[PDB]
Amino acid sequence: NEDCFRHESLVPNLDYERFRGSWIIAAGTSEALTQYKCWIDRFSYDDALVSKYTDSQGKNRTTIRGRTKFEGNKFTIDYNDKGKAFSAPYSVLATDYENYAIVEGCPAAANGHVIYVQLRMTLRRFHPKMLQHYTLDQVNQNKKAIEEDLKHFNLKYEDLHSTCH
């Protein structure tokens, strides 16, 4: 769906290997996605993806797995029949690779379109003493940068639905 994307990426030459890793989705423009809390995407190896999220009460833990295909900033996810509502074209609009990324995509689950902000999930910064606090602090630590890129796409972090709290 190279036609469903609405913005031009600031990282058209996205380095997949640097983008690879775990990411927690902190907030986005889709009210329908608020149903899946503290969503964590784990991109690994050549084209593997493991996505995990819960119910709004921390329960109903769910995992869906898929295969990715990247073309610069663009990538498709093909989830196993389970998670089909999330299979779709996506595009990394901005990222510093080490801390955050802003992604646009067109999954049916988001009523066809969403722009979300994700922060890197790593044991280097995460000490399970929980997820919500981790996400908030990471957003706060990178607020300046996130706000600036978001601004570039006519959005404000405050205008997004929080999807991990």
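For every residue, the number given is its place in the sequence shown, counted from 1.
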| item | value |
| --- | --- |
| Unmodelled deposited residues between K129 and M130, binned | 4 to 9 |
| 142-150 versus 21-29 - greater average Cα B-factor per the deposited record | 142-150 |
| Mean Cα B-factor comparison, 53-61 or 119-127, giving the higher one as deposited | 53-61 |
| For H113, the third of its chain into which the C-alpha B factor falls | middle |
| Ranked C-alpha temperature factor of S162 among modelled chain residues, by third | middle |
| Third of chain Cα B-factors occupied by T95 | middle |
